[PDB]
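What follows is the content of run-v7.txt, which has compact mmCIF, C-alpha atoms:
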```txt
# COMPACT_ATOMS: atom_id res chain seq x y z
CA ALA A 1 -12.15 292.90 78.54
CA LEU A 2 -10.91 289.29 78.82
CA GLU A 3 -7.07 289.57 78.91
CA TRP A 4 -5.02 287.13 76.86
CA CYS A 5 -1.66 285.69 77.91
CA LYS A 6 1.32 285.92 75.60
CA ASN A 7 3.34 282.67 75.42
CA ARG A 8 6.69 282.27 73.71
CA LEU A 9 8.39 278.95 73.11
CA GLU A 10 11.87 278.03 72.02
CA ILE A 11 12.09 274.34 71.20
CA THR A 12 15.06 271.93 70.42
CA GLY A 13 16.19 269.07 69.40
CA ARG A 14 16.09 266.71 67.19
CA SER A 15 15.06 267.33 63.51
CA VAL A 16 12.42 264.61 63.04
CA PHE A 17 10.67 265.38 66.34
CA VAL A 18 10.47 269.11 65.74
CA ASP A 19 8.91 268.19 62.39
CA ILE A 20 6.05 266.25 64.00
CA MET A 21 5.67 269.09 66.46
CA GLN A 22 5.52 271.65 63.67
CA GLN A 23 2.68 269.51 62.34
CA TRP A 24 1.00 269.80 65.68
CA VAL A 25 1.47 273.60 65.48
CA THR A 26 0.08 273.69 61.93
CA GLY A 27 -2.80 271.26 62.46
CA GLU A 28 -1.55 268.89 59.74
CA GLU A 29 -2.29 265.75 61.80
CA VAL A 30 -5.74 264.16 61.98
CA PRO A 31 -7.54 264.45 65.27
CA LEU A 32 -8.57 260.85 65.70
CA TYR A 33 -10.25 261.76 68.98
CA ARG A 34 -12.84 263.84 67.00
CA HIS A 35 -13.64 260.63 65.18
CA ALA A 36 -14.29 258.89 68.44
CA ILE A 37 -16.65 261.60 69.70
CA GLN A 38 -18.59 262.01 66.43
CA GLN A 39 -18.98 258.22 66.38
CA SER A 40 -20.06 258.32 69.98
CA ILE A 41 -22.73 260.89 69.19
CA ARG A 42 -24.17 258.70 66.41
CA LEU A 43 -24.01 255.70 68.74
CA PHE A 44 -25.67 257.68 71.46
CA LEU A 45 -28.36 258.86 69.03
CA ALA A 46 -28.99 255.37 67.64
CA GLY A 47 -29.25 254.01 71.20
CA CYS A 48 -31.82 256.69 72.10
CA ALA A 49 -33.83 255.75 68.99
CA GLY A 50 -33.77 252.12 70.05
CA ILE A 51 -32.19 251.11 66.76
CA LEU A 52 -29.33 249.80 68.95
CA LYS A 53 -30.18 248.14 72.27
CA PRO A 54 -28.29 246.51 75.15
CA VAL A 55 -28.12 242.74 75.30
CA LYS A 56 -27.43 242.55 79.05
CA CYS A 57 -30.07 244.26 81.04
CA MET A 58 -28.53 247.49 82.41
CA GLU A 59 -29.07 251.09 83.61
CA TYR A 60 -27.54 254.30 82.27
CA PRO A 61 -28.28 256.69 85.20
CA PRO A 62 -27.13 259.91 83.65
CA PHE A 63 -29.58 259.51 80.75
CA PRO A 64 -32.01 256.58 81.07
CA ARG A 65 -33.56 257.55 77.75
CA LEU A 66 -30.43 255.98 76.20
CA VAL A 67 -31.69 252.56 77.19
CA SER A 68 -35.45 253.10 77.46
CA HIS A 69 -36.45 250.78 74.59
CA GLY A 70 -35.34 247.64 76.53
CA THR A 71 -33.19 244.77 75.13
CA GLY A 72 -31.61 243.49 72.79
CA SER A 73 -31.16 240.31 70.76
CA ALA A 74 -27.53 239.07 70.78
CA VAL A 75 -26.49 240.39 67.25
CA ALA A 76 -23.16 242.11 66.45
CA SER A 77 -24.78 245.53 66.23
CA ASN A 78 -26.15 245.39 69.74
CA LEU A 79 -23.11 243.55 71.17
CA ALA A 80 -20.93 246.48 70.03
CA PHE A 81 -23.36 248.92 71.66
CA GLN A 82 -22.83 247.21 75.07
CA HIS A 83 -19.08 247.63 74.69
CA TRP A 84 -19.84 251.28 73.93
CA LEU A 85 -22.08 251.53 76.92
CA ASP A 86 -19.20 250.20 78.98
CA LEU A 87 -16.88 252.93 77.75
CA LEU A 88 -19.47 255.63 78.25
CA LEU A 89 -20.21 254.41 81.73
CA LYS A 90 -16.53 254.63 82.71
CA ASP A 91 -16.29 258.05 81.07
CA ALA A 92 -13.33 256.62 79.15
CA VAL A 93 -10.29 258.68 78.19
CA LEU A 94 -9.80 259.05 74.92
CA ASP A 95 -6.30 257.92 74.30
CA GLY A 96 -5.62 254.82 72.57
CA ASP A 97 -6.97 252.02 72.45
CA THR A 98 -10.01 253.76 73.47
CA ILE A 99 -10.05 255.58 70.06
CA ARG A 100 -9.30 252.48 68.01
CA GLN A 101 -11.78 250.64 70.12
CA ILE A 102 -14.52 253.18 69.50
CA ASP A 103 -14.38 252.52 65.83
CA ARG A 104 -13.99 248.89 66.04
CA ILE A 105 -17.33 248.96 67.91
CA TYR A 106 -18.56 251.60 65.44
CA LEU A 107 -17.87 249.10 62.62
CA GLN A 108 -20.81 246.91 63.57
CA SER A 109 -22.90 248.84 65.40
CA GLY A 110 -23.09 249.19 61.66
CA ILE A 111 -24.38 252.71 61.93
CA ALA A 112 -21.85 254.16 59.46
CA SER A 113 -24.18 252.55 56.92
CA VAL A 114 -27.32 254.41 57.80
CA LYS A 115 -28.48 256.11 56.07
CA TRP A 116 -31.06 258.60 57.34
CA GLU A 117 -34.39 257.80 55.84
CA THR A 118 -34.43 254.11 56.05
CA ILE A 119 -34.93 255.00 59.71
CA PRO A 120 -38.48 254.67 61.07
CA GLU A 121 -40.53 257.75 62.07
CA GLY A 122 -40.22 257.14 65.04
CA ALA A 123 -36.47 257.08 65.46
CA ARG A 124 -36.21 260.24 63.37
CA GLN A 125 -38.49 262.16 65.82
CA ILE A 126 -36.07 261.34 68.66
CA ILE A 127 -32.72 261.78 66.93
CA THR A 128 -33.72 265.17 65.48
CA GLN A 129 -34.97 266.42 68.78
CA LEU A 130 -31.73 265.47 70.60
CA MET A 131 -29.56 266.97 67.86
CA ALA A 132 -31.71 270.13 67.97
CA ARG A 133 -31.36 270.36 71.70
CA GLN A 134 -27.64 269.48 71.83
CA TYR A 135 -26.84 271.37 68.67
CA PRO A 136 -24.57 274.06 69.96
CA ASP A 137 -22.34 271.51 71.83
CA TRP A 138 -22.19 268.91 69.15
CA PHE A 139 -21.89 271.24 66.23
CA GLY A 140 -19.56 273.93 67.52
CA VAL A 141 -22.07 276.72 67.23
CA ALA A 142 -23.00 279.53 69.79
CA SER A 143 -26.75 279.11 69.83
CA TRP A 144 -29.71 276.80 69.23
CA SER A 145 -31.22 276.87 65.77
CA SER A 146 -34.96 277.33 65.22
CA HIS A 147 -34.67 274.86 62.33
CA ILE A 148 -32.37 271.95 61.74
CA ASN A 149 -32.23 269.44 58.89
CA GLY A 150 -32.03 265.93 60.40
CA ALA A 151 -30.54 264.39 57.29
CA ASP A 152 -27.83 267.07 56.94
CA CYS A 153 -26.99 266.94 60.65
CA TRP A 154 -26.90 263.20 60.75
CA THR A 155 -24.69 263.51 57.67
CA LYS A 156 -22.32 266.15 59.09
CA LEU A 157 -21.69 263.82 62.05
CA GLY A 158 -20.68 261.00 59.79
CA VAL A 159 -17.90 263.05 58.07
CA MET A 160 -14.64 262.75 60.06
CA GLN A 161 -12.61 265.99 60.02
CA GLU A 162 -9.15 265.56 58.47
CA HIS A 163 -7.05 268.40 59.86
CA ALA A 164 -7.00 269.58 63.47
CA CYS A 165 -6.96 273.18 64.58
CA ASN A 166 -3.49 274.65 65.43
CA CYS A 167 -1.93 273.49 68.71
CA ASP A 168 -4.92 271.28 69.47
CA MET A 169 -4.09 270.18 73.00
CA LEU A 170 -6.61 267.35 73.20
CA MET A 171 -4.01 265.59 71.09
CA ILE A 172 -1.61 265.79 74.05
CA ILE A 173 -3.48 265.08 77.22
CA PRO A 174 -6.52 263.13 76.24
CA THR A 175 -10.11 264.28 76.95
CA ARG A 176 -12.92 261.90 78.01
CA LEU A 177 -15.97 260.37 76.40
CA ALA A 178 -19.06 261.13 78.51
CA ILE A 179 -17.98 264.72 79.11
CA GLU A 180 -17.36 265.33 75.40
CA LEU A 181 -20.85 264.08 74.78
CA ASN A 182 -22.22 266.38 77.50
CA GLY A 183 -20.23 269.27 76.02
CA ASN A 184 -21.21 272.25 78.18
CA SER A 185 -24.74 271.08 78.77
CA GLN A 186 -26.66 269.21 81.44
CA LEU A 187 -27.81 266.49 79.10
CA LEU A 188 -26.01 263.85 81.09
CA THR A 189 -26.96 264.12 84.68
CA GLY A 190 -24.04 264.02 87.12
CA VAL A 191 -21.50 264.18 84.31
CA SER A 192 -19.07 267.09 84.31
CA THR A 193 -18.88 269.70 81.49
CA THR A 194 -16.22 270.15 78.91
CA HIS A 195 -15.45 273.65 80.31
CA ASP A 196 -14.51 272.07 83.68
CA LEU A 197 -12.47 269.18 82.47
CA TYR A 198 -10.35 271.44 80.27
CA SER A 199 -9.73 273.79 83.18
CA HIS A 200 -8.59 270.86 85.24
CA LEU A 201 -6.42 269.13 82.62
CA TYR A 202 -4.86 272.07 80.79
CA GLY A 203 -5.08 274.84 83.34
CA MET A 204 -7.25 276.86 80.90
CA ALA A 205 -10.86 276.31 79.75
CA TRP A 206 -9.88 276.60 75.99
CA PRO A 207 -7.14 274.14 75.06
CA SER A 208 -5.53 275.67 72.01
CA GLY A 209 -4.00 279.06 71.26
CA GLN A 210 -4.50 281.93 68.88
CA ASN A 211 -2.33 284.36 67.05
CA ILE A 212 0.00 281.51 66.43
CA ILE A 213 3.26 282.57 64.87
CA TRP A 214 6.22 280.28 64.33
CA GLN A 215 9.67 279.75 62.81
CA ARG A 216 11.84 276.80 61.77
CA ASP A 217 14.79 278.59 63.07
CA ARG A 218 17.53 276.12 62.37
CA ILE A 219 16.46 272.52 61.82
CA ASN A 220 17.09 271.64 65.46
CA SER A 221 14.97 274.62 66.50
CA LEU A 222 11.35 275.86 66.54
CA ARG A 223 10.10 279.20 67.83
CA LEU A 224 6.46 279.38 68.65
CA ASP A 225 4.49 282.33 70.00
CA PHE A 226 0.78 282.14 70.79
CA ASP A 227 -1.96 283.76 72.92
CA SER A 228 -3.94 281.82 75.57
CA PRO A 229 -7.04 282.98 77.50
CA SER A 230 -6.18 284.68 80.80
CA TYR A 231 -3.55 282.10 81.83
CA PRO A 232 -0.72 280.05 80.33
CA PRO A 233 -1.15 276.32 79.86
CA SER A 234 -0.38 274.31 83.01
CA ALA A 235 3.03 273.00 83.94
CA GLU A 236 1.29 269.59 83.74
CA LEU A 237 0.44 270.21 80.05
CA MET A 238 3.72 271.85 79.09
CA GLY A 239 5.49 268.92 80.78
CA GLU A 240 3.45 266.55 78.64
CA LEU A 241 4.05 268.54 75.43
CA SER A 242 7.82 268.00 75.77
CA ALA A 243 7.42 264.30 76.62
CA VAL A 244 5.08 263.70 73.68
CA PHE A 245 7.40 265.56 71.34
CA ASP A 246 10.67 264.39 73.00
CA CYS A 247 11.99 267.95 73.02
CA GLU A 248 13.30 270.64 75.27
CA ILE A 249 10.72 273.44 75.59
CA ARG A 250 11.69 276.85 76.95
CA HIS A 251 8.48 278.67 77.99
CA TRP A 252 8.18 282.42 78.59
CA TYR A 253 4.72 283.69 79.55
CA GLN A 254 3.25 287.14 80.25
CA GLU A 255 -0.09 288.71 80.97
CA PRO A 256 0.54 292.27 82.21
CA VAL A 257 -2.94 293.12 83.57
CA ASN A 258 -3.04 290.28 86.13
CA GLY A 259 0.75 290.36 86.51
CA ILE A 260 1.40 286.82 85.46
CA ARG A 261 4.82 286.44 84.02
CA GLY A 262 7.26 283.61 84.15
CA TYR A 263 9.73 281.27 82.61
CA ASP A 264 9.73 277.47 82.81
CA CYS A 265 11.98 274.97 81.10
CA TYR A 266 10.71 271.46 80.36
CA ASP A 267 12.94 268.73 78.99
CA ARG A 268 11.73 265.38 77.66
CA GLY A 269 8.81 265.39 80.13
CA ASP A 270 10.68 266.81 83.10
CA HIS A 271 10.26 270.21 84.71
CA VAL A 272 13.98 271.22 84.71
CA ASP A 273 13.60 274.70 86.09
CA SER A 274 11.49 277.86 86.34
CA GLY A 275 12.27 281.46 86.90
CA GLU A 276 11.49 285.03 86.55
CA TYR A 277 10.64 286.31 83.15
CA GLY A 278 13.68 288.09 81.63
CA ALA A 279 13.11 288.48 78.60
CA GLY A 280 14.15 285.69 76.13
CA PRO A 281 14.70 287.45 72.79
CA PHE A 282 12.65 287.80 69.50
```

Please go through the file and, once you have read it, give me the structure as structure tokens.
Amino acid sequence: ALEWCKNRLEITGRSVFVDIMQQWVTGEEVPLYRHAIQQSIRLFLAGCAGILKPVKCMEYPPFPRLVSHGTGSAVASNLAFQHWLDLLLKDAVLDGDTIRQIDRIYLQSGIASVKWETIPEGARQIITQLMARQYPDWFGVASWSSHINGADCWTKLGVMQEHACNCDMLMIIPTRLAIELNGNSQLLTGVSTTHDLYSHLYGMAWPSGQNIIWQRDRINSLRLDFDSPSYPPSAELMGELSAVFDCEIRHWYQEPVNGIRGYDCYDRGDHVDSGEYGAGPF
């Protein structure tokens, strides 16, 4: 049976920072990065339809179907698509900047204002097929569906989600564009999968936690417990947590079956010490 790791956190200081972090823990904040990737899917779909084309002549080697309809008058819609192609080609993080630049370019592309059947026949053939085929990665579902409704799917992808899951870590070390679009598939040849990036960035392939329980302990003070798959989040990530939230994070972790236990302290981005797991007391 897959064994889960118990993490316990004790955090401090400073009232206003432990408030924004509590929001992180509760998923109150909006995950702007999800806006970037849902916009990138629509851009990617549009480009495959040919209802957005490059203006420079250029390749996209991982998926030449993205640019198979040629060029490309010099209008705003297709000028924004080039800038998007640039980001995609560099597999852009995902910070930023590169979020607020993915909806600037999304703003005229002008594809927010499709629209699903003013689109040719034609384009609908192609978009639906890609969505069907990439459905479990783009739509957070286990399995392909025997039927999909193009209009609904194309709609779903236009509606930005407004709350993030609890302890969403993609808020903390950013993910990257081409991979997100590849999800766990082999759509994009040569491009890595989301499973592999997460492993590398966060030290676990699922960058969140479950069985989240917490306590505003004192106004200077937050206690967080949560379960992670197999392993605790990386030092790298935990380090970043405490920089992002300008806090001191005391981290106790334990998975009995593989004998991983430990203690690490992180302070304002710095790994201030580690040790043996004591315990440190609920």

Handout entry: Residues within 10 Å of (0.6, 269.6, 61.9), file coords, all atoms listed in the file, listed as a PyMOL selection string
Key = chain A and resi 19-30+163-168

Exercise for the section: Compute the distance from (-37.3, 260.3, 71.4) to each atom, counting all atoms listed in the file, keep the residues with any atom at most 8 Å away, and return them as a ChimeraX atom specification; use the coordinates of the file. Expected result: /A:48-49,65,122-123,125-127,129-130

Practice task
Find the residues around residue 243 of chain A up to 8 Å (all atoms listed in the file counted), leave out those fewer than 6 positions away in its own chain, and share them as a count of residues only.
Solution key: 4

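Atom CA of residue 185 of chain A is found 23.8 Å from atom CA of residue 69 of chain A.
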
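The spacing separating atom CA of residue 110 of chain A from atom CA of residue 159 of chain A amounts to 15.2 Å.
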
Problem - Distance of atom CA of residue 255 of chain A from atom CA of residue 222 of chain A, expressed in Å to one decimal place - result: 22.5 Å

Long-range neighbours of segment 203-217 of chain A as a PDB file with C-alpha atoms, keeping the file's coordinate frame, 12 Å cut-off, only C-alpha atoms, 6 positions minimum in chain:
```pdb
ATOM      1  CA  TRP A   4      -5.020 287.130  76.860  1.00  0.00           C
ATOM      2  CA  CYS A   5      -1.660 285.690  77.910  1.00  0.00           C
ATOM      3  CA  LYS A   6       1.320 285.920  75.600  1.00  0.00           C
ATOM      4  CA  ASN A   7       3.340 282.670  75.420  1.00  0.00           C
ATOM      5  CA  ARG A   8       6.690 282.270  73.710  1.00  0.00           C
ATOM      6  CA  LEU A   9       8.390 278.950  73.110  1.00  0.00           C
ATOM      7  CA  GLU A  10      11.870 278.030  72.020  1.00  0.00           C
ATOM      8  CA  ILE A  11      12.090 274.340  71.200  1.00  0.00           C
ATOM      9  CA  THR A  12      15.060 271.930  70.420  1.00  0.00           C
ATOM     10  CA  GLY A  13      16.190 269.070  69.400  1.00  0.00           C
ATOM     11  CA  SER A  15      15.060 267.330  63.510  1.00  0.00           C
ATOM     12  CA  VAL A  18      10.470 269.110  65.740  1.00  0.00           C
ATOM     13  CA  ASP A  19       8.910 268.190  62.390  1.00  0.00           C
ATOM     14  CA  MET A  21       5.670 269.090  66.460  1.00  0.00           C
ATOM     15  CA  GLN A  22       5.520 271.650  63.670  1.00  0.00           C
ATOM     16  CA  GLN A  23       2.680 269.510  62.340  1.00  0.00           C
ATOM     17  CA  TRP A  24       1.000 269.800  65.680  1.00  0.00           C
ATOM     18  CA  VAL A  25       1.470 273.600  65.480  1.00  0.00           C
ATOM     19  CA  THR A  26       0.080 273.690  61.930  1.00  0.00           C
ATOM     20  CA  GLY A  27      -2.800 271.260  62.460  1.00  0.00           C
ATOM     21  CA  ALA A 164      -7.000 269.580  63.470  1.00  0.00           C
ATOM     22  CA  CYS A 165      -6.960 273.180  64.580  1.00  0.00           C
ATOM     23  CA  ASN A 166      -3.490 274.650  65.430  1.00  0.00           C
ATOM     24  CA  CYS A 167      -1.930 273.490  68.710  1.00  0.00           C
ATOM     25  CA  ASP A 168      -4.920 271.280  69.470  1.00  0.00           C
ATOM     26  CA  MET A 169      -4.090 270.180  73.000  1.00  0.00           C
ATOM     27  CA  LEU A 170      -6.610 267.350  73.200  1.00  0.00           C
ATOM     28  CA  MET A 171      -4.010 265.590  71.090  1.00  0.00           C
ATOM     29  CA  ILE A 172      -1.610 265.790  74.050  1.00  0.00           C
ATOM     30  CA  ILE A 173      -3.480 265.080  77.220  1.00  0.00           C
ATOM     31  CA  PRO A 174      -6.520 263.130  76.240  1.00  0.00           C
ATOM     32  CA  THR A 175     -10.110 264.280  76.950  1.00  0.00           C
ATOM     33  CA  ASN A 184     -21.210 272.250  78.180  1.00  0.00           C
ATOM     34  CA  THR A 193     -18.880 269.700  81.490  1.00  0.00           C
ATOM     35  CA  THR A 194     -16.220 270.150  78.910  1.00  0.00           C
ATOM     36  CA  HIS A 195     -15.450 273.650  80.310  1.00  0.00           C
ATOM     37  CA  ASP A 196     -14.510 272.070  83.680  1.00  0.00           C
ATOM     38  CA  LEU A 197     -12.470 269.180  82.470  1.00  0.00           C
ATOM     39  CA  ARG A 223      10.100 279.200  67.830  1.00  0.00           C
ATOM     40  CA  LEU A 224       6.460 279.380  68.650  1.00  0.00           C
ATOM     41  CA  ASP A 225       4.490 282.330  70.000  1.00  0.00           C
ATOM     42  CA  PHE A 226       0.780 282.140  70.790  1.00  0.00           C
ATOM     43  CA  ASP A 227      -1.960 283.760  72.920  1.00  0.00           C
ATOM     44  CA  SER A 228      -3.940 281.820  75.570  1.00  0.00           C
ATOM     45  CA  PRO A 229      -7.040 282.980  77.500  1.00  0.00           C
ATOM     46  CA  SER A 230      -6.180 284.680  80.800  1.00  0.00           C
ATOM     47  CA  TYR A 231      -3.550 282.100  81.830  1.00  0.00           C
ATOM     48  CA  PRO A 232      -0.720 280.050  80.330  1.00  0.00           C
ATOM     49  CA  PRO A 233      -1.150 276.320  79.860  1.00  0.00           C
ATOM     50  CA  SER A 234      -0.380 274.310  83.010  1.00  0.00           C
ATOM     51  CA  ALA A 235       3.030 273.000  83.940  1.00  0.00           C
ATOM     52  CA  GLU A 236       1.290 269.590  83.740  1.00  0.00           C
ATOM     53  CA  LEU A 237       0.440 270.210  80.050  1.00  0.00           C
ATOM     54  CA  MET A 238       3.720 271.850  79.090  1.00  0.00           C
ATOM     55  CA  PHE A 282      12.650 287.800  69.500  1.00  0.00           C
TER      56      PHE A 282
END
```

Near segment 76-100 of chain A, 12 Å: segment 2-54 of chain A residue rows, closest pairs, only C-alpha atoms, as a tab-separated table:
```
residue	atom	partner	partner_atom	distance
A:31	CA	A:99	CA	10.4
A:32	CA	A:99	CA	7.0
A:33	CA	A:99	CA	6.3
A:34	CA	A:99	CA	9.2
A:35	CA	A:99	CA	7.9
A:36	CA	A:99	CA	5.6
A:37	CA	A:99	CA	8.9
A:38	CA	A:99	CA	11.3
A:39	CA	A:99	CA	10.0
A:40	CA	A:84	CA	8.1
A:41	CA	A:88	CA	11.0
A:42	CA	A:81	CA	11.1
A:43	CA	A:81	CA	7.4
A:44	CA	A:85	CA	9.0
A:45	CA	A:81	CA	11.4
A:46	CA	A:81	CA	9.5
A:47	CA	A:81	CA	7.8
A:48	CA	A:81	CA	11.5
A:50	CA	A:78	CA	10.2
A:51	CA	A:78	CA	8.8
A:52	CA	A:78	CA	5.5
A:53	CA	A:78	CA	5.5
A:54	CA	A:82	CA	5.5
```

Any chance you can output those residues with C-alpha atoms as a tab-separated table (two decimals), keeping the file's coordinate frame?
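And here is the file that came out, result_35.tsv:
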```tsv
chain	number	residue	atom	x	y	z
A	31	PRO	CA	-7.54	264.45	65.27
A	32	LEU	CA	-8.57	260.85	65.70
A	33	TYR	CA	-10.25	261.76	68.98
A	34	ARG	CA	-12.84	263.84	67.00
A	35	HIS	CA	-13.64	260.63	65.18
A	36	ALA	CA	-14.29	258.89	68.44
A	37	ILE	CA	-16.65	261.60	69.70
A	38	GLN	CA	-18.59	262.01	66.43
A	39	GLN	CA	-18.98	258.22	66.38
A	40	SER	CA	-20.06	258.32	69.98
A	41	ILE	CA	-22.73	260.89	69.19
A	42	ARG	CA	-24.17	258.70	66.41
A	43	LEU	CA	-24.01	255.70	68.74
A	44	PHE	CA	-25.67	257.68	71.46
A	45	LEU	CA	-28.36	258.86	69.03
A	46	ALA	CA	-28.99	255.37	67.64
A	47	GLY	CA	-29.25	254.01	71.20
A	48	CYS	CA	-31.82	256.69	72.10
A	50	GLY	CA	-33.77	252.12	70.05
A	51	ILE	CA	-32.19	251.11	66.76
A	52	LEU	CA	-29.33	249.80	68.95
A	53	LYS	CA	-30.18	248.14	72.27
A	54	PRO	CA	-28.29	246.51	75.15
```
